[PDB]
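First comes one chain, alone, set out as structure tokens in the form deposited in one PDB entry.
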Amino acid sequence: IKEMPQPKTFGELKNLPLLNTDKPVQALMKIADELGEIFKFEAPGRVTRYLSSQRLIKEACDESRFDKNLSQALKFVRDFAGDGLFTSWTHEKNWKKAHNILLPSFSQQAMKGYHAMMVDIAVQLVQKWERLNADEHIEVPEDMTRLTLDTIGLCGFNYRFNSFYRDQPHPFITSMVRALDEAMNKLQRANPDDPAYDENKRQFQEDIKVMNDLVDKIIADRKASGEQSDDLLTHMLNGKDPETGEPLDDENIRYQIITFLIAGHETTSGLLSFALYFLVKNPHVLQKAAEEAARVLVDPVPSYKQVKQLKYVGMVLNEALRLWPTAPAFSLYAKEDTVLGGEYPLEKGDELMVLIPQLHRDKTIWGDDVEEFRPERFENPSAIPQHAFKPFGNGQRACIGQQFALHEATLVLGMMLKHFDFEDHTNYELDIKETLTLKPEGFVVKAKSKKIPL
């Protein structure tokens, strides 16, 4: 039995002021580098333990011992994402019900059906970059967010956000981004009930009402039209849970749609941005990925089967998820008293935080070249120890969107590498902005067309 370390305290506020920063995940990463594989973190009325080693995380990923917990971030997101899949407890009736209904909508098979819609948006991104003048550059996370938001709108509910037609966001997205900003900002507040936060609280309540009103109208409009478009909203209106025999109610469908819009906006766009960042910093890797793109994508429009053959591009995306898992943490609670790694006794209900970027830097797993970008690490999943690589979370509470995200990211990165050469014209210095998720901020490149027709 070992006594785990704890970072510096601030009297009655304990560790809470360590989160008073615009980059709290990167701050926690630095604490993990100093303190090691486990540390205690305390706030008024809160204790958790930050895990960084595959040795301890492999135990945390035992579903017989640990279930998904809502971190404070997810509790604050629940104020608008409700009992949607991402912000529900495993024991809430709507979790397993929505999980059973939606799993077929998110399978590798279902991706054949979403592929044409994904290609519609990917082609819009390629045509935008083709049409840039020689003196112009690309705002990478901006354009990746335009793509991923538009893809989930079209596959979610046959709705065009038309992000490539715009500078200014859709009213739903103004409210969604501001609600995510209030949720993630409220985490750090030493004195949340201070009157200085009354405008923040008023504006939050207004943003929740906006998201609810606009999504409720999308659902109402679809039931009214009777249209049977092959999208998630149709699957949720028609689907029955095989267990209960019940469909989702309109309020839960709204929470699922809000949840999918958060994911499309925040996560896949981060992955594509980090992937292109690592490729321009690693020209030998960029060349090898570009060679695969050219050899496989032999038609003007990629097919589903061709995306499945971009294996090296898939490895590039996994190695980007290794160094910068854009959804960087998940939380677990002990189902019963249990001992972690033979050294740390936990009681029933005790909380754990998995710090995914630190897990992914465990040198006992990846070796001394752990900071290097090497997609070849992923050639043989059987050579990777259990629970070493967790960018989609764990077990039954893992990302339902994983096949969707990787299909879209593989398609688009393959088209980008086929159609353009890239230049890191500014020698960009990685600056990671934290919203719900991690993204390169200010990452810009130049793209020179290979002049290959669509």
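Start at 1 and count along the sequence shown; that's the residue number. Think of the rigid core as the biggest set of C-alphas that the two forms share within 1.5 Å after superposition.
Here 190-198 and 158-166 are scored by the root mean square distance of their C-alpha atoms in 9 other deposited structures of this protein, with each structure fitted by the rigid core; the higher score goes to 190-198. Between 28-36 and 381-389, greater CA displacement relative to the shown form is found for 381-389 when the structures in 9 other deposited structures of this protein are fitted on the core. Per-stretch averaging of Cα B factors for 99-107 and 303-311 places 303-311 on top. Comparing 360-368 with 90-98, the higher mean C-alpha B-factor in the PDB entry belongs to 360-368. When the C-alpha B-factors of 345, 153, 82, 270 are read from the PDB record, the largest value belongs to 345. Among 120, 319, 206, 139, the highest C-alpha B-factor in the deposited entry belongs to 206. Among all modelled residues in its chain, residue 245 ranks in the middle third by Cα B-factor.
In the PDB entry, residue 260 places in the lowest third of its chain by CA B-factor. Per the deposited record, the Cα B-factor of residue 408 falls in the lowest third when ranked against the other modelled residues of its chain. Split the chain's modelled residues into thirds by C-alpha temperature factor. Residue 217 is in the highest one. Ranked by C-alpha B-factor against the other modelled residues of its chain, residue 174 falls in the highest third.
As for the form deposited with a small molecule bound, it is not shown, yet the points below apply to it.
Among residues of the shown chain, residue 166 is one whose heavy atoms approach the small molecule to within 4.5 Å in the deposited bound form. At a distance threshold of 4.5 angstroms between non-hydrogen atoms, residue 149 is in contact with the small molecule in the deposited bound form. Contact check for residue 145: a non-hydrogen atom falls within 4.5 Å of the small molecule in the deposited bound form. None of the heavy atoms of residue 215 is located within 4.5 Å of the small molecule in the deposited bound form.
Listed stretches are 129-137, 167-175, 365-373, 274-282; the contact stretch with the small molecule in the deposited bound form is 167-175, by a heavy atom cutoff of 4.5 Å.
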